[PDB]
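K.L.:
Have a look at this one before I ask anything.
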Number of protein chains: 10
Amino acid sequence: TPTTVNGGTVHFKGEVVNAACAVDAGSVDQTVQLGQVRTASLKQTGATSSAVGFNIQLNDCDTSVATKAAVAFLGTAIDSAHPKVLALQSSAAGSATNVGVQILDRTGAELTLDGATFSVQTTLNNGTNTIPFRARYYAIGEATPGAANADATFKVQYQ
Amino acid sequence: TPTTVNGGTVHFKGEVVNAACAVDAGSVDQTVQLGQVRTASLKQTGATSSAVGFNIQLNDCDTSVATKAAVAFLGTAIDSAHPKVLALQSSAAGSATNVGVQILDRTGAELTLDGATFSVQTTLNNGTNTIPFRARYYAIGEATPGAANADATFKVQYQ
Amino acid sequence: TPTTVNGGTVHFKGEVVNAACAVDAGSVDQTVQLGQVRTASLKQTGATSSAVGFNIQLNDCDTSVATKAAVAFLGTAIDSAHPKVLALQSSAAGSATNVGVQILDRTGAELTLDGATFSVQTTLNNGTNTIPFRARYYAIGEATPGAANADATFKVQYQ
Amino acid sequence: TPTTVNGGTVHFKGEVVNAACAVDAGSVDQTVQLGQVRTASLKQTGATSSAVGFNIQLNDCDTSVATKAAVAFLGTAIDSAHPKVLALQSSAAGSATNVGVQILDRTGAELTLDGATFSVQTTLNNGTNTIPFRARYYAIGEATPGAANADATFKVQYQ
Amino acid sequence: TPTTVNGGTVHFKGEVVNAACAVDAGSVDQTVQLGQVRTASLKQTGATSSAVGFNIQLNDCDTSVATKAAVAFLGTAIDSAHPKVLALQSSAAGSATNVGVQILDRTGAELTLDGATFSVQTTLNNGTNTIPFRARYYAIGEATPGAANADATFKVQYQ
Amino acid sequence: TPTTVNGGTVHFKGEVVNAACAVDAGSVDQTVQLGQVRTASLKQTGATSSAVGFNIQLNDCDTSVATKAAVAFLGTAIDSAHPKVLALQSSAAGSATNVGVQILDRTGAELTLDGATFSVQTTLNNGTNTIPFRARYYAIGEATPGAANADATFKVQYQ
Amino acid sequence: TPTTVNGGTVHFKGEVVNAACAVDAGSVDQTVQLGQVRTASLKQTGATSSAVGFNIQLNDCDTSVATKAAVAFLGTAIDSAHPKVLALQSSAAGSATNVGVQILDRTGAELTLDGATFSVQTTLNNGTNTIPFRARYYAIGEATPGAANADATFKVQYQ
Amino acid sequence: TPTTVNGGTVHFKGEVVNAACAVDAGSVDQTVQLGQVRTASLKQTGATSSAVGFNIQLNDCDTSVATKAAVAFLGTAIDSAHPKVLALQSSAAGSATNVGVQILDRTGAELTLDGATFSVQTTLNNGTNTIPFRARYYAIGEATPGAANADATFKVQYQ
Amino acid sequence: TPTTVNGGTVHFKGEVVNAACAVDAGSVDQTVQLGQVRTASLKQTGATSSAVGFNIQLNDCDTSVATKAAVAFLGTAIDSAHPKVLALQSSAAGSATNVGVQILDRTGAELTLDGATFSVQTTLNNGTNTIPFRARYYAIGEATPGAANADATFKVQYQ
Amino acid sequence: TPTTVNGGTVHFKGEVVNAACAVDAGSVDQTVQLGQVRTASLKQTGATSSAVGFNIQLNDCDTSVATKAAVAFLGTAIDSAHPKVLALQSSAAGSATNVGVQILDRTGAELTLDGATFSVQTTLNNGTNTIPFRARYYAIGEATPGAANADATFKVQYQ
């Protein structure tokens, strides 16, 4: 006689969208490893670290519905005077001060993190499309050591 | 023969609203784990700790009814002179003193906890929207060790 | 010398049952967070909202005593013509009208809230079993805004 | 012209103690959900069910006043021959027979419910301390189905 | 033949009001567990303990009738010199001395317990509203151990 | 002198089973990211989306006890007419309609979500074994945009 | 025409400590998934299962205040003769017997669950520190199948 | 003076086996780039694309323990009628239809993806052994453009 | 005595396209070793290093379907004023500044990295076709030493 | 009119350090594939398997700040008698016994896993520096087949 035991649980996460493309499963909750940055490279305000690239992949694109796609990021800004700099948020202690994360468009332009200002439009082709971005650290002062983790959501506009 | 025994009770909680969006079930009552903070980071008044991000998810958004959403938080302030600092409340003993909780906007601005001063408006898309916030500890003096638990309710304004 | 002071009180709640399985401590009294629902989704009678899943966990199951389990829910119906829709009950004022809670079986069929009509039988395995259910809002008319809280007890039948 | 109506009443419950620690507001009157237990598990005297853990939280502990804390529980024993078994009590009818509740301390030893025999001492740290316990059903014979509710008060000894 | 026996009695408590909102059934008569407090935290007059939060919920709010709501608490003061401190009352013996309960506004300001000095007004939204408050112990001298129970009635002003 | 402060809490979850294999810790509560799907790919009933693979890993397998393993999934069906289609459940609002999740066996056959109909048996080897599965979206009508989250438990049969 | 509706509630949990480091928000309350274990691996007393690693992260460490950190765990022991074995507690039924959870030091030594016997000290660096641990199942007899859930709180000693 | 900072984490993955050979580190988890294939090469059922070879390397082979080795692959089939065709799985959208991946033996024979039908045996020499294989696209109908990613695990049999 | 052990996993990567040609498996994801370049060759804006050639190979070309092929590259530009220069992206630190990668057509003309400005058309022959490119470093200012890694995706046009 | 849909979430991980070098993004969290090892190569205690090398890359090194770098690893030891061998930790079942992972220095010396015993200092040049390391399996007895996964965090010291 066979032996039957309890197993576990499987959670399925997904979304149904009425749009020309569908975001790839690996690009909806991706994690970008920025690495470590020295405080000597963020000594004063306006100092930028090196960039780390990341992609947002669109699947099952149909050019008849739409020909261009744009991405707008949404997140908590570091302060009112820096709308284009993400705020670090990992825990109540241990986070770096006067440091933020800047998301750069494919044209090298900073993106406002309001979820309304969309990036430059990219021409789409049928099938799989990759939208390139890169992120870097931005200093609004004299950086102090600590953890630098940031979170941001994005929305895709099809034209 | 079948055997029937008393099983238990199930309680359903929810709300019906006349609005452009509906708050997600995971956002109507959520716990934000701030973590521990050292007293050395809250030695004097105006000292702040590192931020912890939390989001309020809006489901079934219809942009034809409203295109913007704002959130105003309501809670007990630590004192009259600090209307934007939440007051710690867990028990009659063991709570930290001269330190509160600040809820920061998506633009990095502190929010008044009166339930009338709403945050910055965020553009809404059809379907799911994720309004970002972050919370941090704010010292109104020399903070002393103890538990730091705070509670606040929020309203959503659609325009 | 030792200082002895009064502490408090501890209340133990439980049940001894002559049955093949025992309901888990987390399932005898659980709160299901349905979330918010827009009035636009309950404009007319027969309209349903999105579903929220909840589980009833059975512990110490012995397949030699019984191989199948069924659950029947008992609650106050919204009206005589709808003996499958739970009536909202939180207070004398502030509750939503023309809308109730429907409990859906693991086959997607609505369950009669009379405590006698049991759901479909589910095969049991030795040890832990997790019976899945589904809850959603059901409109018997044009719903109006207000709190939507409902309660229902359940009983388990072992065969 | 404002309208003023009668709102209701608020009752405040608490205690002022002269001790090294203060019991948390969530631990002065707490409900422990044991769940359901099968009669097949409690078939003869000495049979025990599975354990359900619960904690007594101490706040504002001052190590310089006392370094150790112990807890003694007080309740009605099931009979004279079983001083470590809590008697079930809820209503004149419907309670289980030949089964009680046993309280075990951090070392796994059953505690006498006389309010004088204290559990093993636990070293205290400054601030919040959590004293762990667990409860289980104990059979003094062939258990019969029924409700199993027990009540017990505790006192804290600081050394 | 059916058997009919006497059951019991059901008492319904409520109130009909002519106001913009109705107090929730869970807020008209609620119990606030403050927990325990050490005498070392109330050694001299003016010393305060940690705060415990409690809420007054308003249902069926109509903004078109009134937009603001305030709460005034009424109770017995500890003495003529401390009109903002609630007096303890549980029995003729066993109550703490030189200790009282202070009810704090959402702005952190102590409320006069005369039933005429209303709290700060809070903006009301249509439907459910939650008015936050804090409760804490206040020392008018050297605190002595004992039970600390207080009672206060409140009234709501709609403007 | 050393400084001791309160830390936190650690919760251990697991199961002891009498079976030839034990489910790996990474497979008991795994989350499967399906990604986004366009409504154009689910225009009518019977339409299927692309599949996403996931695995259930069995550890410490002993071929002397059992040589084959099978998995049966248990969940709430979308309706009585589609017993092999999982129902979406995330919140009361914002979920896709007429869309479900199908779990596909290693032979490409859809599995009935009743917890009794097991998949095909897979030959086991000593040590680690990986059971492959597939998940995809199934349309029972004309799909509408919204969140698509599904939950299902499974049990393993060793023969 | 702005529309304002009730949202929900946000609960903030945290602690203010006077210590060289602060426990990370992800480590104050974490869940360790041990997975399933076969009864054949726990046939007699002294038998152990495979270990599952977990970490306690310390943030904002200041080496000038303290150079070493140690962790002591506090929980209910399985019995008097096994002070280093955690007792299983999930419900009154369905828990495994004669098997517990052992917390292992970074040197591979079992830790006493009394909250006083601290682990080996670990040298701290400025910023983030990760203290490694692993947990495993320990049999005090012939283990029987069932749920195996354990809970333990920990303290951090800075010296 | 030395400066000490937190570096990062390293994960080690491997297996201990009781076998005559051990799979190379580069063969336990390898990616095979199949390239692109035109839809015009998979117009009807049974059409095959060009093949791409891949190898499984066995290290530390001992001919005194076993002289031959065979490999059986395990994965999800495209359908019931094609047990030798691997199903594509990358995301819910954008995957190709009516086309799968076919794994070929060293004798040009298709392998059943059930994990039990082992390939042809190959003579082993002491030291390093390479087992050649071939992968290609197989059409079960009219192939449509899209991403074509497949995953399969393999077992090695020594006899 | 046949011994069976777990071998590992194999991942297959590929794409099905509807086009006159198919990209070689060696060209879908290739790494171009640019080598080292002295900062003395990139002193000012407009300075270029030596070119390193790389090819994109097309297979199974059908001249009947299409006779010409063009390639457009997509990547993150270094800045808005230089849309023809790729941005360096390897990590948050150690990357060169004021240096970028320029992809040159077979005619010696720099290609815009917008993913829509295709290169010069090249006549295709039946079978295998090679489309040649070359890459070089471009200075937008005074070059500083550091790692120089860039990534870019490309699309092929058959018209 | 453009269509806007919710895209997903992006998580950024990184650290800001006050040090002469920054760890590369690919080295802060890397996976080392040790491959498979035969039990015949770990027959008795002190037996070692073949070594698998891995590197830790340092970026933006400034020799004017520090000239030498050393790495110390931290992890759970297999036992108290072997404070140089990493303990295996993947799940409660299926892990190998009497065998661990040894991290070897660039001089061939095993490193203590206490997080304080640093490796040999390596001369640093400006720009990119790679610190070579080795990993192998160490037997503390008669190794048994099973999964062999280990985790260790490292830490860099600059002089």
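Chain lettering (A, B, ...) mirrors the order of the structure tokens, residue numbering begins at 1 for each chain separately, and ligand numbering begins at 1 in order of display.
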Using only C-alpha atoms, which residues sit within 8 Å of range 76-84 of chain J once same-chain residues fewer than 2 positions away are excluded, as a ChimeraX atom specification?
P.N.:
/G:105-109,132-134 /J:74,86-88,100,102-103,110-114,152
K.L.:
For those residues, write N, CA and C atoms to a file as a PDB file, in the first residue's frame.
P.N.:
```pdb
ATOM      1  N   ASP G 105      25.783  26.530  17.849  1.00  0.00           N
ATOM      2  CA  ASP G 105      26.647  27.697  17.838  1.00  0.00           C
ATOM      3  C   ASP G 105      27.446  27.760  16.538  1.00  0.00           C
ATOM      4  N   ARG G 106      28.138  28.884  16.345  1.00  0.00           N
ATOM      5  CA  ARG G 106      29.045  29.017  15.212  1.00  0.00           C
ATOM      6  C   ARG G 106      30.260  28.108  15.329  1.00  0.00           C
ATOM      7  N   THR G 107      30.520  27.554  16.511  1.00  0.00           N
ATOM      8  CA  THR G 107      31.562  26.557  16.706  1.00  0.00           C
ATOM      9  C   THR G 107      31.025  25.133  16.677  1.00  0.00           C
ATOM     10  N   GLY G 108      29.742  24.950  16.372  1.00  0.00           N
ATOM     11  CA  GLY G 108      29.158  23.625  16.345  1.00  0.00           C
ATOM     12  C   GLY G 108      28.738  23.079  17.690  1.00  0.00           C
ATOM     13  N   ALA G 109      28.606  23.931  18.702  1.00  0.00           N
ATOM     14  CA  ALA G 109      28.225  23.507  20.040  1.00  0.00           C
ATOM     15  C   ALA G 109      26.760  23.827  20.300  1.00  0.00           C
ATOM     16  N   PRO G 132      26.353  33.801  12.576  1.00  0.00           N
ATOM     17  CA  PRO G 132      25.767  32.594  11.983  1.00  0.00           C
ATOM     18  C   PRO G 132      25.322  31.571  13.017  1.00  0.00           C
ATOM     19  N   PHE G 133      24.213  30.907  12.705  1.00  0.00           N
ATOM     20  CA  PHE G 133      23.686  29.815  13.510  1.00  0.00           C
ATOM     21  C   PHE G 133      23.105  28.762  12.580  1.00  0.00           C
ATOM     22  N   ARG G 134      22.860  27.578  13.132  1.00  0.00           N
ATOM     23  CA  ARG G 134      22.136  26.545  12.407  1.00  0.00           C
ATOM     24  C   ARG G 134      21.297  25.754  13.396  1.00  0.00           C
TER      25      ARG G 134
ATOM     26  N   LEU J  74      33.522  33.836   8.149  1.00  0.00           N
ATOM     27  CA  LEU J  74      32.712  33.563   9.327  1.00  0.00           C
ATOM     28  C   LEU J  74      31.606  32.588   8.956  1.00  0.00           C
ATOM     29  N   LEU J  86      33.617  24.139   7.446  1.00  0.00           N
ATOM     30  CA  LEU J  86      32.261  24.666   7.399  1.00  0.00           C
ATOM     31  C   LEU J  86      31.241  23.542   7.529  1.00  0.00           C
ATOM     32  N   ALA J  87      30.176  23.804   8.280  1.00  0.00           N
ATOM     33  CA  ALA J  87      29.103  22.836   8.435  1.00  0.00           C
ATOM     34  C   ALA J  87      28.126  22.931   7.271  1.00  0.00           C
ATOM     35  N   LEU J  88      27.617  21.779   6.842  1.00  0.00           N
ATOM     36  CA  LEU J  88      26.638  21.740   5.766  1.00  0.00           C
ATOM     37  C   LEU J  88      25.262  22.125   6.293  1.00  0.00           C
ATOM     38  N   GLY J 100      32.626  18.319   5.645  1.00  0.00           N
ATOM     39  CA  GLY J 100      32.362  19.741   5.580  1.00  0.00           C
ATOM     40  C   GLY J 100      33.127  20.433   4.471  1.00  0.00           C
ATOM     41  N   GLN J 102      36.147  23.238   3.550  1.00  0.00           N
ATOM     42  CA  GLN J 102      37.322  23.959   4.017  1.00  0.00           C
ATOM     43  C   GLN J 102      37.662  25.064   3.029  1.00  0.00           C
ATOM     44  N   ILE J 103      37.869  26.273   3.542  1.00  0.00           N
ATOM     45  CA  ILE J 103      38.291  27.411   2.736  1.00  0.00           C
ATOM     46  C   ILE J 103      39.796  27.566   2.890  1.00  0.00           C
ATOM     47  N   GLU J 110      44.480  26.440   5.624  1.00  0.00           N
ATOM     48  CA  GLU J 110      43.070  26.503   5.981  1.00  0.00           C
ATOM     49  C   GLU J 110      42.812  27.678   6.916  1.00  0.00           C
ATOM     50  N   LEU J 111      41.666  28.326   6.733  1.00  0.00           N
ATOM     51  CA  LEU J 111      41.316  29.525   7.478  1.00  0.00           C
ATOM     52  C   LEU J 111      40.298  29.204   8.564  1.00  0.00           C
ATOM     53  N   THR J 112      40.521  29.763   9.751  1.00  0.00           N
ATOM     54  CA  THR J 112      39.547  29.648  10.828  1.00  0.00           C
ATOM     55  C   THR J 112      38.295  30.445  10.484  1.00  0.00           C
ATOM     56  N   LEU J 113      37.134  29.887  10.820  1.00  0.00           N
ATOM     57  CA  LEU J 113      35.845  30.489  10.490  1.00  0.00           C
ATOM     58  C   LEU J 113      35.258  31.265  11.662  1.00  0.00           C
ATOM     59  N   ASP J 114      36.106  31.880  12.481  1.00  0.00           N
ATOM     60  CA  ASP J 114      35.654  32.689  13.604  1.00  0.00           C
ATOM     61  C   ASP J 114      35.419  34.146  13.229  1.00  0.00           C
ATOM     62  N   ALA J 152      29.097  30.914   4.055  1.00  0.00           N
ATOM     63  CA  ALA J 152      30.051  31.658   4.862  1.00  0.00           C
ATOM     64  C   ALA J 152      30.056  33.112   4.421  1.00  0.00           C
TER      65      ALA J 152
END
```
K.L.:
Give me, as a ChimeraX atom specification, the contact residues of chain C against chain E at a cut-off of 8 Å, counting only C-alpha atoms.
P.N.:
/C:90-95,145-147
K.L.:
Report the distance between CA of residue 43 in chain B and CA of residue 141 in chain B in Å, rounded to one decimal place.
P.N.:
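Answer for the CA of residue 43 in chain B to CA of residue 141 in chain B separation: 6.9 Å.
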K.L.:
For a test of reading the model, state the distance in Å between CA of residue 45 in chain H and CA of residue 119 in chain H, rounded to one decimal.
P.N.:
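Value for the CA of residue 45 in chain H-CA of residue 119 in chain H distance: 24.6 Å.
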K.L.:
Would you mind listing what lies within 12 Å of residue 156 in chain I as an NGL selection string, with only C-alpha atoms counted and same-chain residues fewer than 3 positions away left out?
P.N.:
(:A and (125-126)) or (:I and (17-23 or 28 or 56-58 or 66 or 68-74 or 115-122 or 131 or 153 or 159))
K.L.:
Please measure the separation of CA of residue 48 in chain H and CA of residue 144 in chain H, giving the value in Å to one decimal.
P.N.:
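That distance, rounded to one decimal, is 14.3 Å.
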K.L.:
Per DSSP on the backbone, what are the strand (DSSP E) residues of range 36-122 of chain A, as a PyMOL selection string?
P.N.:
chain A and resi 36-38+52-61+68-74+77-79+82-86+99-104+122
K.L.:
Nearest to residue 89 in chain H among F:63, F:50, F:157, F:39, with distances taken over only C-alpha atoms: which residue is it?
P.N.:
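Closest candidate: F:50.
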